[PDB]
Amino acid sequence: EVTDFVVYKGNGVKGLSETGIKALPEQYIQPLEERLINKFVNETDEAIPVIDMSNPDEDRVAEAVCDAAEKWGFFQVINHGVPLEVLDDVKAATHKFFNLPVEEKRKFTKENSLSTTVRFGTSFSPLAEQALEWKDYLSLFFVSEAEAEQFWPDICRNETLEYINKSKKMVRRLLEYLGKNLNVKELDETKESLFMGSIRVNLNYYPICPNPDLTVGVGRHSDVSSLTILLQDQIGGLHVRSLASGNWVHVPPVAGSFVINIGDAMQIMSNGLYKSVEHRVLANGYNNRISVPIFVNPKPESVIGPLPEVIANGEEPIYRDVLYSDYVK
């Protein structure tokens, strides 16, 4: 139907959006409860914690992260150390990829990509008979720089690699914070595979939508990551459900900012201390948007479970130890 143009012929929702369609197809019309929160107007005051990492006493900034991570499951960082040059080469390379001729982006579909670690796809849905999301993406699972050379798009490889390169030390800082109340004062090599074992990065593009209220960019969900890290563009559109009020908060795209949330893996290993919370992506009817999330994960064969350091003081374990790959599968 419309599936043919979008999916089977690989135009995606961007090229479909570029046909100037005045009306949204049935495939993307989200359920009622999704369309209700789209029409939910907000509280004029509540917001996600903003943390300045350039602040000297590094032990107040430490307990700020988990004053954020325990109650909100979400926070933003402003002076994180990743040079702002890199954030704006990668957001460009994202655009120059999606603005590539279609003939060349068909090369990274599940059928045409010469590696499964790379895949350009469109209109996602976890389940069958379910509404699809108004979104195109390029999912990049990191193996090596070698497998980047051979399988990553040349028009956006170096920017992405460099963006991983620079982000990964900020990540190390954040984790060695996080261990605070988890009684883990130094990052070691077994835990490094439990937290930063595997890395995946998506290049997201959200084209302008004719009927923004019927669909979403991303449906209600919690990341299964250890933690994510979100680089938004200047419109943004992240929507987070609070644990205090229970309402939904629109997250403001700050000058030179990352949005870090929390994943199932961290919640499990923290024995429920950290919260992996629900969040959406709104559809915008006026502008095209992009998004470059990094998904920081355990290794696929990592057996995660409550860290021994969290259960030693006579607390009881809330979770089984489970294989990570069997969990996401």
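We number the residues from 1 along the sequence you see.
Legend entry - Mean temperature factor over C-alpha atoms, higher-scoring stretch between 113-121 and 181-189: Mean B over CA atoms: larger for 181-189.
Inset, instruction - Output the stretch having the higher mean C-alpha B factor in the entry; the candidates are 136-144 and 162-170. - result: Taking the mean B-factor of the alpha carbons in each, 162-170 is higher.
Inset, instruction - For the C-alpha B-factor as written in the entry, point me to the maximum among 273, 53, 281, 294. - result: So the option with the highest C-alpha B-factor is 53.
Legend entry - Modelled-residue ranking by C-alpha temperature factor, third containing residue 200: It falls in the bottom third of the chain.
Inset, instruction - Please place residue 42 in the lowest, middle or highest third of its chain by C-alpha B factor as given in the entry. - result: Answer is highest: the recorded C-alpha B-factor places it there.
Inset, instruction - Taking the chain's C-alpha temperature factors as the reference, tell me which third residue 260 falls into: lowest, middle or highest. - result: Tercile = lowest for this residue's CA B-factor.
Inset, instruction - Pull the Cα B-factor of residue 13 out of the PDB entry and bin it into the chain's lowest, middle or highest third. - result: Residue 13: CA B-factor falls in the lowest third of its chain.
Inset, instruction - Sort the modelled residues of this chain by their C-alpha B factor and say whether residue 71 lands in the lowest, middle or highest third. - result: CA B-factor rank for residue 71: highest third.
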